[PDB]
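Visitor: Sharing a structure with you now.
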Amino acid sequence: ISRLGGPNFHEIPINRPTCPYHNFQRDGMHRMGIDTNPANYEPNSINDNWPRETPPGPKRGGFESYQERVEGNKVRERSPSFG
Amino acid sequence: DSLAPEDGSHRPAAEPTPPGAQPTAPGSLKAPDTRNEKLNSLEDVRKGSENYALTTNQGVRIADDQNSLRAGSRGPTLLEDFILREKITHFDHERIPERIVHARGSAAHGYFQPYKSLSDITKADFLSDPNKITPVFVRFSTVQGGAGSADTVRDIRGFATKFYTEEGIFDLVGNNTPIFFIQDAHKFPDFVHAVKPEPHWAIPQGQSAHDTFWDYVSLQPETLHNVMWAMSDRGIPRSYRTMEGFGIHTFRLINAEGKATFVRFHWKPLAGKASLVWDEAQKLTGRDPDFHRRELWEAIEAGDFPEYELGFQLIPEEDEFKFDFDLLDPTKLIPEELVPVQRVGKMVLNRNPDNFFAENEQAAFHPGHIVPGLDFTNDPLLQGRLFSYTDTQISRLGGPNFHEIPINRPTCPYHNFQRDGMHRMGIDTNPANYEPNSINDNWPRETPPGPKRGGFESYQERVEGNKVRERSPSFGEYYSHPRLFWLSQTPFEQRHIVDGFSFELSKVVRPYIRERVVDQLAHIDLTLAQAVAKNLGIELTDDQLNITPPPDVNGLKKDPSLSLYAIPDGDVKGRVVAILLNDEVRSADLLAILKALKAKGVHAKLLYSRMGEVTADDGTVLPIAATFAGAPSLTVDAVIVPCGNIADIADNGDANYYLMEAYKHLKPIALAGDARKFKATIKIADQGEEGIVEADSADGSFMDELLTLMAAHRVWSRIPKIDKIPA
Amino acid sequence: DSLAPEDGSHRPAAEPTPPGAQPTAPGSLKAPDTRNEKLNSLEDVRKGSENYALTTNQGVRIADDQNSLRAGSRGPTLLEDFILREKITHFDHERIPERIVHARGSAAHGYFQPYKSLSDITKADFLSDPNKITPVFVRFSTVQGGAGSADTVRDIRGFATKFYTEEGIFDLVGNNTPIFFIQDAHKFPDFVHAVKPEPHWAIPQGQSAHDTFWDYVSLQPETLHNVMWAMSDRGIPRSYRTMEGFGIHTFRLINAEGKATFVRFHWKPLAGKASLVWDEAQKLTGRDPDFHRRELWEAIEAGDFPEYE
Amino acid sequence: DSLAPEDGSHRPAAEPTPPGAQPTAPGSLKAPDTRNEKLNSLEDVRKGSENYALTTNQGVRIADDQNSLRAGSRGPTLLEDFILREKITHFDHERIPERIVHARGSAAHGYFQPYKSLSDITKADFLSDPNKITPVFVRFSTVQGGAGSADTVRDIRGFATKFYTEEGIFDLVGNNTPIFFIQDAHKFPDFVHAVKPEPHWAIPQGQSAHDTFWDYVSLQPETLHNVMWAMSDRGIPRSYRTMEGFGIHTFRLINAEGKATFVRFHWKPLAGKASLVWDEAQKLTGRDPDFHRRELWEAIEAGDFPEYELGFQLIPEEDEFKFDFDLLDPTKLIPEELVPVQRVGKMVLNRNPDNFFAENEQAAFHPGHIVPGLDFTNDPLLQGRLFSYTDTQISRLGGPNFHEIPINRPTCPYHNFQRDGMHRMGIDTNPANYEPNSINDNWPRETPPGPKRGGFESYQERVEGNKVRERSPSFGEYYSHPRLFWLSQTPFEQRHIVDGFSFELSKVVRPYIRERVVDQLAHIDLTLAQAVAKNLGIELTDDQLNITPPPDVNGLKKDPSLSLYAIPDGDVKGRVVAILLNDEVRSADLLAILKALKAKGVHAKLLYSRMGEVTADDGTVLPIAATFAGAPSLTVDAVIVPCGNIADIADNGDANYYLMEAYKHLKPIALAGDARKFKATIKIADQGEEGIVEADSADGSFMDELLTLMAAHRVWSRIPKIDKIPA
Ligand code: HEM
Ligand code: HEM
Ligand code: HEM
C-alpha cells in the first residue's frame with residue numbers, strides 16, 4: 420500500500436496473473452480495469468450472480484483450508500518445544 | 027485598516043447567544059474558558075492571526091498579495107515567482123481521501139464522568155473513580171453519502187467517542203440502532219457496495235431506494251431486522267441530541283481478579299428521543315443540507331450542551347446460553363425487559379472545534395482501541411472490523427504516524443521502538459530501537475498485568491474446533507427480532523414503517539425485486555406484508571397468507587424500549603419556535619410569548635417577508651431574523667402567529683403555506699386574536715381541534731397549551747386529517 | 027443459478043428506450059455498437075463477468091465467499107485468512123482525493139467534426155478537414171460542492187472537453203458564463219476559500235449565500251460582472267444540454283505561414299437555452315440531488331444525444 | 027534490570043573523546059549543553075526513554091513483547107492481536123522516497139556569524155550585525171548513488187546550508203566545484219539519466235565510468251569544464267572538512283536604497299584543502315563505505331568542529347559585460363585573480379543529530395528559499411531549479427506541509443491563509459482564510475518593502491525580447507575555462523587528471539565513444555590529449571595535432587586558486603595516525619610519540635594482530651583499538667612503528683602490507699630503532715629517502731619531521747618510486 424502506491428499492485432504488468440481473475444473489488448488508486456459487470460456485490464440477481472464461487476475439487480476447484488483441529492486458550496506464549 | 031466595521035459588529039460575543047443571534051465562531055474565540063486536558067494540550071499547535079504579518083510558509087513577509095510577477099504589467103508570468111507557486115501548490119493539494127463509509131459527520135469536544143467506581147466489574151481506570159473526569163471527542167455521522175452529502179437523509183447514523191484516558195485511548199465506535207445488517211465481516215464490502223451509489227452512473231446519493239440495495243436485502247434475510255429500524259422514523263432523527271447510541275457487539279469487562287462479564291454499551295439521550303417525518307426530512311435536505319451540522323454547532327454555542335448516559339447491559343459468563351438468540355450474533359438485540367441497562371456515568375459535549383479539517387476530518391476512531399479492563403469476544407463482525415480501521419489510515423491519513431496528528435495524540439505517555447515512516451514528528455533520543463537491549467538498559471520496559479497501571483494481557487478463553495469458514499447454526503434465525511421490533515411500535519409508528527418500505531420499493535425499477543421483498547415481510551408479520559403490498563399493487567398468494575409467524579423472544583411479546591414515542595420523554599429546552607410578524611404587531615401578545623418561551627428554554631425566530639426591522643404598535647423595534655421563505659417551517663418546531671395588522675400577511679402565499687406545511691408535518695400551531703383568520707387556510711372547525719392553540723390574546727394559558735403540545739413533539743392525532751391537505 | 031428472474035427482466039434492452047422504461051446500464055451493454063477510436067482502444071482494459079469464476083486478484087478461485095476462517099464456527103478469525111484480508115484491504119483503500127474545485131461532475135463519450143477546413147487560420151490538424159472526426163470525452167461539473175453534493179444548486183457550471191486528436195490531446199476546459207470572477211491567478215485561492223464551506227464549521231454546502239462569499243465580493247469589485255451571471259437564472263440550468271459553454275480567455279490560432287489571430291471559443295447548445303426557477307431548483311436538490319446526472323444519462327440512452335456547435 | 031553492565035560501560039562520556047575511544051551517541055546525550063535557537067525549539071518533539079513503560083502508539087502498556095496471541099502455544103495467530111498488527115504495520119511503512127539526486131548525504135548542526143555589517147551592499151538581516159549569530163543545519167552529499175551507496179566515490183559533492191534567519195529561511199544549496207555541467211535546466215533530466223545506473227540493468231553504482239555518461243559528454247562539449255574537475259583529485263576529497271563549497275550561479279544583493287550588486291558565494295575550508303588518491307579512495311569504498319559519514323560524526327564528537335568562511339565575489343552592475351565569458355553562464359568560473367573573494371563571516375558545525383531519519387532524511391533545501399536583500403538573475407539553470415525543489419517534496423515528504431516537519435520549521439513566525447493538505451499540524455483559529463477580508467479586519471496583513479522587516483519585492487529588471495527557446499550566443503564557448511583549469515594544476519595534479527580520464531574511459535565498452543572524448547580533449551590541450559590517448563592505445567590524427575588552442579580568459583594564463591596543492595594550507599589537527607604495536611613495546615618511544623601528537627591535536631590508533639591489550643616493557647597496559655586488517659592504512663594519515671619486540675610483527679603479512687599500501691598512497695612512514703628492519707620491505711636505500719622518518723628512538727626531532735610531512739599531506743616526490751611496488 421505504500422511501496423507500490425495502493426491496492427491495485429497486481430495490475431502493475433510484472434505482477435499480473437497470466438490466468439483470469441474476476442471478483443467485485445472496485446476503485447482505489449490507478450485502477451486500470453474498467454468493469455462492465457452491472458453488479459459489484461454478491462449475492463446478486465441482476466447479473467445472475469456472476470462471477471460465481473467454485474466448490475473445492477481435484478482440478479480447477481475453489482480454495483478451501485485444511486481442517487486442522489485447534490484447542491487451547493488465547494495465550495501470548497512460546498511452546499516449550501522451541502526452548 | 028478598516029475593512030472591519032467600527033461598532034465592532036464583525037466579531038461575535040464570547041458568551042452563549044441564541045441560534046442565529048450572532049455569526050458563529052471557532053471554539054476558542056467563542057468560549058475562551060471551556061478548557062479540559064485534551065483542549066489545553068492542543069494549545070501547542072493553535073495558530074493566531076491578529077497583528078501578524080502575512081508570510082510564506084518559510085517566514086518571508088509578502089508585500090503584494092494581489093499580483094503575480096510578470097515582465098511588464100500586461101506581460102507573461104515568470105517561473106521565478108516563488109510566492110505565487112507556493113500559494114497555488116498548497117491549494118492544489120488541500121484534499122485527503124474521505125472515509126470510505128461514514129464520510130459525512132459532525133464533531134464536538136467534552137467530557138465523561140462516572141457515577142461511582144465500577145471496580146468490582148472492570149479494572150479500567152476511566153471507570154474507577156466518580157471523581158475522574160475524561161476528555162472525549164465525539165463525531166456523529168451518516169453511513170452512505172460522501173462528505174458533501176446532506177444531513178437529514180433516511181440512514182443509520184454513527185456515534186464514535188474518543189476517550190483520552192490515563193492508560194490509553196479507548197475509542198467506542200457505535201451507531202444509533204442496536205443490531206447491524208451483516209453477521210460476518212467478510213460480507214461488509216458486498217453490503218456497502220449494494221447500499222452505495224451504483225457503479226455505472228454513481229446514483230443515488232444518500233439513499234437506499236435503488237435496486238441493488240433491495241436486491242441484496244431480498245437475497246440476504248439476516249439484513250431484515252436492521253432494515254426495519256432504518257425504515258422506521260428511527261432512520262430520520264431530529265437532532266444528534268435526540269437519538270440513542272449503541273456499541274452493537276458483546277464485549278468483556280475484566281476485573282482485577284480476572285473475572286470476565288459480557289457487556290453491551292448504550293448511550294441514553296438526556297433530551298429525549300425525537301424524529302422528523304419523511305416529507306419533512308426529505309424536503310429539508312433541499313432547503314438546508316447542513317441542518318444537523320448547524321444545529322449541533324449552535325446548541326453548543328447557546329449552552330444547550332448535548333448530554334448522554336453511558337449504560338451497561340451486563341450478562342454473567344454462565345448465562346452465555348440462557349437466551350434463545352446467540353449473544354455473539356450482531357443482528358440480535360438483548361431486550362431491556364430481559365436485561366436492564368444500568369446507568370454508569372454521563373457525557374457532556376460543550377465545545378466546538380476551531381478547525382473542522384484539522385480536528386474533525388483528520389480524526390481516526392478504531393474499535394480495537396481498547397484499554398486494560400476491556401476485551402473482545404468472538405463476534406464474527408467485531409473480529410473483522412479489528413483488521414480494518416488500522417489499515418484504512420495508511421491511505422486516508424497518509425501513513426503509520428496518524429497518532430501524531432494533534433487530535434489523535436494520547437494525552438498520556440506513549441514510548442516504544444517504532445521508528446520512521448512519513449511525517450514523523452518525534453525525534454527519538456533512545457540509543458536503542460529494539461528490545462531486548464543492554465545499551466539503554468532495556469528502556470522502555472514491558473509491564474506485568476495488575477490491578478492498576480499494568481500491561482495488557484488477553485483473557486484466556488478456551489478455543490476448540492477446526493479451521494472452518496462456516497457460519498454457527500445459532501445464527502440461523504432471521505425473523506423473531508424484526509417482529510418483536512414491529513410489535514413494540516405505536517400504531518402511527520407502524521404506519522410510518524409501512525410508508526418507508528412503500529416509498530423505497532416504488533423506486534426499484536425491476537418489479538421481481540419488490541415482490542421478493544414482500545415475500546420476506548410475510549415471514550415477519552402479515553399485516554405489515556399486506557400494507558406494503560397494497561401500496562405497490564401486489565397480491566399475496568394464499569400460501570403467503572398461510573406462513574406461520576416467528577416465535578417470541580424468550581416469551582416476550584413486545585418491549586416498549588424499542589419504540590421512540592410509547593413511554594414519553596421530551597426536552598422542550600433548546601427547541602425553536604417561528605413567530606410570524608406583520609407591520610403593527612401587538613406587543614402585548616409578543617412580550618407574553620417571548621417571556622414564556624424564555625422561562626422554558628425555547629428559542630424564537632422573528633420572521634417576516636423582508637429583512638430589516640418592523641415596529642410594534644408601541645413603537646418597539648423588532649429585527650427580522652429570516653424571511654418566510656428563508657427559514658421554512660421545516661426548520662422550527664412550532665409556529666406562533668401573534669395579533670396586529672393581520673391584513674398585511676394574510677394575502678401572502680408564503681405566510682399561508684408556512685402554516686400548511688407545519689400543519690401537515692404535525693407541529694403545534696398557536697393563533698392569537700385576528701390571527702385566527704388563518705384557520706380558514708388550514709381548514710379548521712370554528713369549534714377548534716387538538717394541536718391548534720387559539721385565543722383572543724397570547725397569554726399564560728395560551729402559552730401553557732403550546733408548551734405542553736411541544737413537550738409531546740408532534741400532534742399524532744392529526745394524521746387522519748393531513749391527507750386532504752395539498753402542501 | 028436462479029437469483030435471475032426468468033422471463034429475463036433483470037437485463038435492459040440493448041436499444042434506445044424512454045426515460046425510466048428500463049433499468050440503466052453500462053454503455054457497452056446498453057449500446058454495443060456505438061464505437062469510436064477512443065472507445066475501441068479502451069477494449070484492452072474492459073473486464074467482463076458472465077460465466078467467470080470469482081477469484082482473488084492473484085487468480086485463486088474462491089469456494090466460500092460468505093465466511094471468514096475461524097477456529098470452530100463460534101471461534102476467533104485467524105490471521106491466515108488471506109482471502110478475507112485481500113477483500114477488506116482493497117475496500118479500505120477505494121477512495122482517491124476529490125477535485126479541489128469542480129468535484130461534483132457528470133461525463134459522456136462522443137465526437138467532434140468540422141464544418142470545413144480552417145487551414146487559412148490555424149494549422150491545427152483536428153480542424154483541417156471536414157471529413158476528420160475526433161473522439162471527445164466531456165465532463166460537466168459545478169464549482170463549489172464536494173462530489174457528494176447536489177446537482178441543481180445555484181452556481182457556475184464547468185464544461186471540459188478532451189479532444190483525442192492525431193497530433194496530441196487538446197483539452198478545452200471552460201465554463202458556462204463568458205467571464206470569470208478574478209483577473210489574476212494569484213487570488214484564486216482567496217476567492218475559492220471565500221465561496222467554499224467556512225473553515226470553522228464547514229457550512230454551507232453548495233451555496234454562496236454566506237458571509238465570507240459576500241464579504242470578498244464587496245471588497246473586490248472585479249468579481250461583480252460574474253456574480254451578476256450567477257445571480258441570474260443562468261446559475262440554475264434545466265440541463266447540461268440547455269446551456270452555453272465558453273473558454274473565457276483570449277487564445278491564439280496560428281496558421282502555417284506564422285500568422286497569429288486572437289480567438290475566444292463558444293459552445294452553442296442545439297436544444298436551446300433553458301433554466302429552472304429558484305424555488306424549483308432549490309426544492310429539487312432535496313427531492314432528487316442527482317437530477318442533472320440522471321437526465322444526461324437517460325437522454326443519451328433514449329438517443330436524445332447532446333449536440334453543440 | 028541488568029542487560030546493562032554495571033561498571034556503566036554501555037553509556038559514552040558526555041564530553042569530547044577522541045575517535046573510537048567511546049561508542050558514539052545522539053547529540054543531546056553526547057553534548058547536553060551545545061544549544062542554539064533551532065536546537066532548543068526542537069525540544070518540543072524530542073522523546074526520551076528511561077524509566078518509561080513500553081506502549082502502543084495509543085498509550086496502552088505492553089505486558090508481553092515477545093509473543094503473538096495464538097489459540098494455544100502451538101496454534102494459529104489470531105486476527106485480534108492488535109498489539110502485533112500495530113508493531114508490524116509501522117515497520118511495513120518505514121521508508122519514504124529517497125532524493126532523486128544527492129540521496130547519500132551527512133548532516134550536522136551549528137551557526138553562522140558575520141565579521142561586520144554588510145548593510146552598504148544588502149538589506150538582508152542575517153548579515154546586518156556582526157553580533158547576530160544564526161542557527162544553520164548543513165547536509166553534505168554526493169550526486170549519483172542511492173542513500174545506501176559509498177561515501178568515497180569519484181563524484182561531485184553537494185554542500186546545502188539552511189539559515190534559520192529572523193526574516194525567513196535562506197537555503198544556500200551549492201556544490202564543491204564552481205561551475206555545473208549544463209547551461210540550461212531543460213537538459214537536467216538527460217544529464218542525470220546519463221550519469222545514473224543504466225536503465226536495463228541498473229549498473230553502475232556511484233560511478234560515471236560507463237558508456238552513457240561518456241556518450242553524453244562527447245556529444246555535449248559544455249559538460250567538459252566540470253568533467254575536468256570531477257576527473258581531478260577534486261572528485262575524491264579526504265573529508266567534507268577539506269573541501270571548498272560554491273553556489274555556482276550569479277545572484278543579486280539588494281541594499282536598502284535599491285542598488286543591486288551581482289555576487290557569487292564561496293565557502294572556504296579553514297582546515298585546508300586535501301584529497302585522497304584514487305586507488306585509496308576506491309579500495310576504501312570496500313573497506314569502509316561510511317568513511318565520510320563516520321569521520322564527520324567523530325570530528326564533531328572530539329570537538330574538532332568543521333569551520334568555513336563565507337566569501338563573496340562582488341561585481342557592480344556596470345561591469346556585467348566586462349569579461350570575455352557571460353556572468354549568467356553556470357559553466358564559467360570567475361577567476362579570483364580577476365575578482366577577489368571577500369571573507370564575510372564564519373560557520374561552525376558543532377552538533378550532530380539525535381535521529382538521522384527525522385532530522386537528516388526529512389530535510390528539504392530549495393534555492394528559491396531567499397530572504398529580502400537577495401534576489402535571482404536570469405541564469406537559465408538557476409531559473410529551472412526554482413521550479414523543481416518545491417515540486418519534489420509533494421512525493422518525497424508526502425505533501426504541501428513539509429515545512430511543518432520539525433527540522434524544516436522557521437524559528438521565526440509565519441502566518442498566511444493556506445489551509446488543509448495531508449498531516450496538517452497547525453490548527454488555525456483565524457475566522458478568515460482569504461484576503462481581502464473585513465471579518466478578522468484583514469489579518470494577517472501585507473507589509474510594504476523597507477530597510478528592515480519589510481515585504482519581499484523583486485528587483486525591477488528590464489526584460490525585452492521575444493518568446494524564444496534559444497541559447498544566448500555568449501554561452502557558445504566550451505574550451506578556454508577547462509584549459510585555464512588545466513594550466514593552473516601542479517604537475518602531479520595533472521598526472522592524476524590524465525589517469526582519471528584513462529581509467530574511466532577504459533571502462534567504456536564501445537571504442538568510438540572513447541575516441542570521441544579524446545578528440546574533445548585535443549581542443550583543450552594536446553599534452554592532455556596525447557597522454558590519455560596513449561593509455562588507451564589511440565593515435566591522434568595530424569589534423570588533431572594541428573587544432574589551435576583556446577584563448578586566455580581575460581589574458582590570464584593560470585590562476586593558482588584552482589589548484590588543491592599549489593599554495594599550501596593544512597590542518598594537522600584532527601588528522602589520525604596508526605601506531606603499530608608489538609608485545610614488548612618500548613614505552614620511551616611510545617610516551618614521546620603520544621605527547622607530540624597530543625600537543626598538535628592529532629589522533630592515534632594503537633593497532634595489533636589481536637584485540638585486547640598488550641603490556642609495554644615497563645608493564646604499562648595498552649588497549650588495542652583495531653587489528654591491522656580491521657583498520658587498514660586507508661583510514662589513517664601516517665604510520666608510526668615504535669621499537670620493542672619487532673620479531674613479533676616482522677613476519678606478519680598484514681603488518682608488512684600495512685606499510686606497503688601506505689607507502690604507495692604517498693603517506694609519511696616513521697620507523698624508530700629496530701622498526702627500521704621494515705625498510706627492506708618497502709625497498710629503501712640505507713642512505714634513507716624523503717617521507718620515511720627513521721631514527722634510533724622516537725623523540726622530539728623524529729616527531730617534528732613527521733608532523734611537518736603531515737602538514738604537507740602526501741609525499742608527492744615519491745610518485746616515480748611507487749610504480750614498482752606491488753601493493
Ligand atoms: C457493528 C457494526 C459497525 C459499527 C457500529 C460501525 C461504526 C462505524 C462508525 C461510527 C464509523 C465512523 C468513524 C468516524 O466517525 O470517523 C466507522 C468507520 C469505518 N468502519 Fe465501521 N462499523 C461497523 C462495521 C464495520 C465493518 C464490518 C468494517 C470493516 C470490515 C467497518 C469498517 C470501517 C472503516 C474502514 C471505517 C472508516 C474507518 C476510519 O475512517 O477510521 N465497519 N464505522
Ligand atoms: C477562466 C477560469 C477558469 C475556468 C473556465 C476553469 C475551469 C475548470 C473546469 C471546467 C474544471 C473541471 C475539471 C474536470 O471536470 O475534471 C477545472 C478544474 C480545476 N481548475 Fe479551473 N478554471 C478556471 C480558473 C482556475 C484557476 C485560476 C486555477 C488555478 C490557479 C484553477 C485550477 C483548477 C484546478 C487545480 C482544477 C482541478 C484540476 C483537475 O482536477 O485536474 N482553475 N477548472
Ligand atoms: C548549480 C547546479 C546545481 C547545484 C549546485 C545543485 C545542488 C543540489 C544539492 C546540494 C542538493 C542536495 C539537497 C540535500 O542535501 O538535501 C540538490 C538536490 C536537488 N536538486 Fe540540485 N543542484 C543543481 C542543479 C539542479 C537542477 C537544474 C535541478 C532541477 C531542474 C535540480 C534539482 C534538484 C532536486 C529535485 C533535488 C532534490 C531536491 C530535494 O530533495 O529537495 N538541481 N541539488
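Residue numbers (the entry's author numbering), protein chains in the order written: chain D, 420 to 502; chain A, 27 to 753; chain B, 27 to 335; chain C, 27 to 753. A virtual CB, placed ideally from N, CA and C, is assigned to each residue, including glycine.
1) For the alpha helix (DSSP H) holding residue 508 of chain A, just list the boundary residues, first then last.
2) Please confirm whether residue 105 of chain B has its beta-carbon closer than 7 Å to some beta-carbon of chain C.
3) So, residue 475 of chain D versus residue 483 of chain D, is the Cβ gap smaller than 7 Å?
4) Any residues in the segment 77-88 of chain A with a beta carbon nearer than 8 Å to a beta carbon of chain C? Which ones, in chain order?
5) Just to confirm the assignment, what range does the beta strand (DSSP E) spanning residue 604 of chain C have?
6) If the cut-off is 8 Å on Cβ atoms, which residues from the segment 56-74 of chain C count as contacting chain A, listed in chain order?
7) Pick out whichever of A:189, A:202 and A:34 has its Cα sitting closest to the Cα of residue 139 of chain A.
8) Give the DSSP-derived three-state secondary structure of residue 293 of chain B in the structure shown.
9) Report the partner residues of residue 422 of chain A according to the DSSP bridge assignment.
10) Residue 81 of chain A: which of C:622, C:439 and C:684 sits nearest, CA to CA?
11) Looking only at C-alpha atoms, which of C:709, C:662, C:681 and C:680 sits nearest to residue 694 of chain C?
12) For a test of the three-state rule: what should DSSP assign to residue 713 of chain A, helix, strand or coil?
13) Could you tell me if the beta carbon of residue 414 of chain A falls within a distance shorter than 6 Å of some heavy atom in ligand 1?
14) Tell me where the beta strand (DSSP E) around residue 161 of chain A begins and ends.
15) Flag residue 200 of chain A as yes when its Cβ comes closer than 6 Å to any non-hydrogen atom of ligand 1, and as no otherwise.
16) Check whether the segment 276-284 of chain C touches the segment 394-403 of chain C, counting contact only when three or more Cβ pairs, one atom from each stretch, lie closer than 8 Å.
Guide: Let me spell this out:
1) 506-513
2) yes
3) It is a contact, given that the beta carbons lie within the stated cut-off.
4) 77, 78, 79, 80, 81, 82, 83, 84, 85, 86, 87 and 88
5) 602-606
6) Along the segment 56-74 of chain C, going in chain order, the ones with a CB nearer than 8 Å to a CB of chain A are 68, 70, 71, 72, 73 and 74.
7) In terms of CA proximity to residue 139 of chain A, A:189 leads the group A:189, A:202 and A:34.
8) strand
9) Per DSSP, none; premise fails for residue 422 of chain A.
10) Among C:622, C:439 and C:684, the Cα nearest to that of residue 81 of chain A belongs to C:439.
11) C:662
12) coil
13) yes
14) 160-167
15) yes
16) With the cut-off at 8 Å, the segment 276-284 of chain C and the segment 394-403 of chain C touch.
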